[PDB]
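So this block is run00.csv, CSV, C-alpha atoms:
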```
chain,number,residue,atom,x,y,z
U,3,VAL,CA,-12.5,27.6,-30.6
U,4,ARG,CA,-13.1,26.4,-34.1
U,5,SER,CA,-13.7,22.7,-34.6
U,6,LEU,CA,-14.3,20.3,-37.5
U,7,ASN,CA,-15.4,16.7,-37.8
U,8,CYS,CA,-13.5,14.1,-39.9
U,9,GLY,CA,-12.3,10.5,-39.9
U,10,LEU,CA,-8.7,9.7,-40.3
U,11,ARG,CA,-7.1,7.1,-42.7
U,12,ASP,CA,-3.5,6.1,-42.9
U,13,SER,CA,-1.5,6.2,-46.2
U,14,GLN,CA,-2.1,2.4,-46.6
U,15,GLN,CA,-5.9,3.0,-46.6
U,16,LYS,CA,-6.5,1.7,-43.0
U,17,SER,CA,-9.3,3.7,-41.3
U,18,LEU,CA,-9.2,4.4,-37.6
U,19,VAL,CA,-12.0,2.6,-35.7
U,20,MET,CA,-12.9,1.9,-32.1
U,21,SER,CA,-11.5,-1.2,-30.4
U,22,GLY,CA,-13.1,-1.2,-27.0
U,23,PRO,CA,-14.1,1.9,-25.0
U,24,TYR,CA,-10.5,3.1,-24.5
U,25,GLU,CA,-8.6,2.1,-27.6
U,26,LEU,CA,-8.4,2.6,-31.3
U,27,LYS,CA,-7.4,0.2,-34.1
U,28,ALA,CA,-6.8,0.4,-37.8
U,29,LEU,CA,-8.2,-1.6,-40.7
U,30,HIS,CA,-9.0,-1.3,-44.4
U,31,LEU,CA,-12.7,-0.6,-44.8
U,32,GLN,CA,-14.7,0.1,-48.1
U,33,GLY,CA,-14.7,-3.5,-49.4
U,34,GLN,CA,-13.8,-5.7,-46.5
U,35,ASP,CA,-15.4,-4.1,-43.4
U,36,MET,CA,-18.0,-1.3,-44.3
U,37,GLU,CA,-17.5,2.5,-43.9
U,38,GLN,CA,-17.7,3.2,-40.2
U,39,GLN,CA,-14.7,5.1,-39.0
U,40,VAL,CA,-14.5,6.9,-35.7
U,41,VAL,CA,-15.6,10.6,-36.1
U,42,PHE,CA,-13.0,12.9,-34.5
U,43,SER,CA,-13.6,16.5,-33.6
U,44,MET,CA,-10.4,18.4,-34.4
U,45,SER,CA,-10.0,21.7,-32.7
U,46,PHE,CA,-7.6,24.5,-33.6
U,47,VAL,CA,-5.7,25.2,-30.3
U,48,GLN,CA,-2.8,27.3,-29.3
U,49,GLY,CA,0.9,26.7,-29.9
U,50,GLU,CA,3.5,27.3,-32.5
U,51,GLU,CA,1.7,27.7,-35.8
U,52,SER,CA,4.8,27.1,-37.8
U,53,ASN,CA,5.0,27.0,-41.6
U,54,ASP,CA,3.0,23.8,-42.2
U,55,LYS,CA,2.3,23.2,-38.6
U,56,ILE,CA,-1.0,23.8,-36.8
U,57,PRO,CA,-1.6,22.7,-33.2
U,58,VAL,CA,-4.8,20.7,-32.9
U,59,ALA,CA,-6.6,18.6,-30.3
U,60,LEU,CA,-8.2,15.3,-31.4
U,61,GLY,CA,-11.5,14.5,-29.6
U,62,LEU,CA,-13.9,11.5,-30.1
U,63,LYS,CA,-17.1,13.2,-31.3
U,64,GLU,CA,-19.7,12.8,-28.6
U,65,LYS,CA,-17.7,10.6,-26.2
U,66,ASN,CA,-16.1,13.5,-24.1
U,67,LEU,CA,-12.8,11.5,-24.8
U,68,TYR,CA,-9.6,13.2,-26.1
U,69,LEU,CA,-6.4,11.6,-27.3
U,70,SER,CA,-3.5,12.2,-24.9
U,71,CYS,CA,0.2,11.5,-24.6
U,72,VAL,CA,1.5,10.3,-21.2
U,73,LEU,CA,4.5,8.3,-20.1
U,74,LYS,CA,3.6,4.8,-19.1
U,75,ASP,CA,6.3,2.1,-18.5
U,76,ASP,CA,8.7,4.9,-19.5
U,77,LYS,CA,7.6,5.2,-23.1
U,78,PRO,CA,5.4,8.0,-24.5
U,79,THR,CA,1.9,6.4,-24.8
U,80,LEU,CA,-1.4,7.2,-26.4
U,81,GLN,CA,-4.4,7.0,-24.0
U,82,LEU,CA,-8.0,8.3,-24.4
U,83,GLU,CA,-8.8,10.5,-21.4
U,84,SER,CA,-12.0,11.7,-20.0
U,85,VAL,CA,-12.8,15.4,-20.0
U,86,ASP,CA,-15.7,17.5,-18.8
U,87,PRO,CA,-18.0,18.5,-21.6
U,88,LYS,CA,-18.5,21.9,-19.9
U,89,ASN,CA,-14.8,22.7,-20.1
U,90,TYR,CA,-13.9,21.1,-23.4
U,91,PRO,CA,-12.9,21.6,-26.1
U,92,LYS,CA,-13.0,25.2,-25.5
U,93,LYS,CA,-9.7,26.5,-24.2
U,94,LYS,CA,-6.2,26.5,-25.5
U,95,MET,CA,-5.5,23.2,-23.7
U,96,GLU,CA,-3.0,21.1,-21.9
U,97,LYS,CA,0.1,19.8,-23.6
U,98,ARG,CA,-0.7,16.1,-23.3
U,99,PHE,CA,-3.6,16.7,-25.7
U,100,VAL,CA,-1.8,18.9,-28.3
U,101,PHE,CA,-0.6,17.4,-31.6
U,102,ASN,CA,1.2,19.4,-34.2
U,103,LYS,CA,-0.6,18.7,-37.5
U,104,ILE,CA,2.2,18.7,-40.1
U,105,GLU,CA,1.1,19.0,-43.8
U,106,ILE,CA,3.0,17.5,-46.6
U,108,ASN,CA,-0.3,15.9,-49.4
U,109,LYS,CA,-0.6,13.8,-46.2
U,110,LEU,CA,-0.6,14.6,-42.5
U,111,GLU,CA,1.4,13.6,-39.6
U,112,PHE,CA,0.4,14.2,-36.0
U,113,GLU,CA,3.3,14.8,-33.6
U,114,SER,CA,2.9,14.8,-29.9
U,115,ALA,CA,3.6,18.4,-28.7
U,116,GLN,CA,4.2,16.9,-25.3
U,117,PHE,CA,6.8,14.5,-26.7
U,118,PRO,CA,8.6,15.9,-29.8
U,119,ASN,CA,9.3,13.2,-32.3
U,120,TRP,CA,6.5,10.9,-31.2
U,121,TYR,CA,3.7,10.2,-33.7
U,122,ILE,CA,0.3,8.8,-34.0
U,123,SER,CA,1.1,5.5,-35.8
U,124,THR,CA,-0.5,2.3,-37.1
U,125,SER,CA,1.0,-1.1,-38.0
U,126,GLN,CA,1.2,-2.7,-41.4
U,127,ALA,CA,-1.0,-5.5,-40.1
U,128,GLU,CA,-4.8,-5.1,-40.0
U,129,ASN,CA,-6.9,-4.8,-36.8
U,130,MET,CA,-4.0,-3.6,-34.6
U,131,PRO,CA,-4.2,-0.8,-32.0
U,132,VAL,CA,-3.1,2.8,-33.0
U,133,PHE,CA,-0.2,4.0,-30.9
U,134,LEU,CA,2.5,6.6,-30.4
U,135,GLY,CA,5.6,5.6,-32.3
U,136,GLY,CA,9.0,7.1,-32.6
U,137,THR,CA,10.6,6.0,-35.9
U,138,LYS,CA,8.8,7.7,-38.9
U,139,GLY,CA,10.7,5.1,-41.0
U,140,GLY,CA,10.4,1.3,-40.6
U,141,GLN,CA,7.2,-0.6,-41.1
U,142,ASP,CA,4.8,1.6,-39.0
U,143,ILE,CA,2.7,4.2,-40.7
U,144,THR,CA,2.8,7.9,-39.6
U,145,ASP,CA,0.9,9.6,-42.6
U,146,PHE,CA,-2.9,10.1,-42.9
U,147,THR,CA,-5.7,11.8,-44.7
U,148,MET,CA,-8.7,13.5,-43.3
U,149,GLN,CA,-11.9,11.8,-44.3
U,150,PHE,CA,-15.4,13.3,-44.8
U,151,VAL,CA,-18.1,11.6,-42.8
U,152,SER,CA,-20.9,14.2,-43.1
U,153,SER,CA,-24.6,14.4,-42.6
```
Reformat the file's structure so that it appears as structure tokens.
Amino acid sequence: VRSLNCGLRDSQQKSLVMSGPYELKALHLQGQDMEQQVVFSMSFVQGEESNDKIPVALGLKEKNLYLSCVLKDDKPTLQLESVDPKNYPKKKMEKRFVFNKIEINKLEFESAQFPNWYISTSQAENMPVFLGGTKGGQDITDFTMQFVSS
């Protein structure tokens, strides 16, 4: 299974960063808070490889943590789940972990497990990243892949 390493930044220039051990937040870096964005390991998994759609899995480089979509309090919710390093990424994986990466010049990440739910950020700084179902309103659903390198 082919993987890559990148950071993600919404369309408003908010970089994804770590909150505590089990949550992400978004805030404008560069000249405010310096350059360290979470490094994701994006794997090319199996599913419908539509037109501009590629099924991927988003993992926290070196944490053995994956983003997953689960129902909590009856709403599709983003959680970071533990996985066994022996078994992951590898595979063609479970649904809760698959996101359809939709290309536009920006990217959207739709929950494969919950069609029409997207990885979203608020307009406000330092807020948690979440699964949102509007794609219009004040929450951001568009991102760019950032180089980290080394």
Can you work out which one of U:73, U:132, U:151, U:95 has the shortest atom-to-atom distance to residue 49 (chain U), counting all atoms listed in the file? U:95
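With distances restricted to all atoms listed in the file, U:43 is the closest residue to residue 150 (chain U) from U:81, U:43, U:108, U:14.
For the pair CA of residue 146 (chain U) and CA of residue 57 (chain U), the separation is 16.0 Å.
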Residue with smallest distance to residue 21 (chain U) - pool U:122, U:110, U:60, U:40, counting only C-alpha atoms: U:40
Enclose the full set of atoms of region 26-29 of chain U listed in the file within a box whose edges lie along x, y and z, apply 3 Å of padding to each of the six sides, and report centre and edge lengths in Å to one decimal as AutoDock Vina command-line options.
```
--center_x -7.6 --center_y 0.5 --center_z -36.0 --size_x 7.6 --size_y 10.2 --size_z 15.4
```
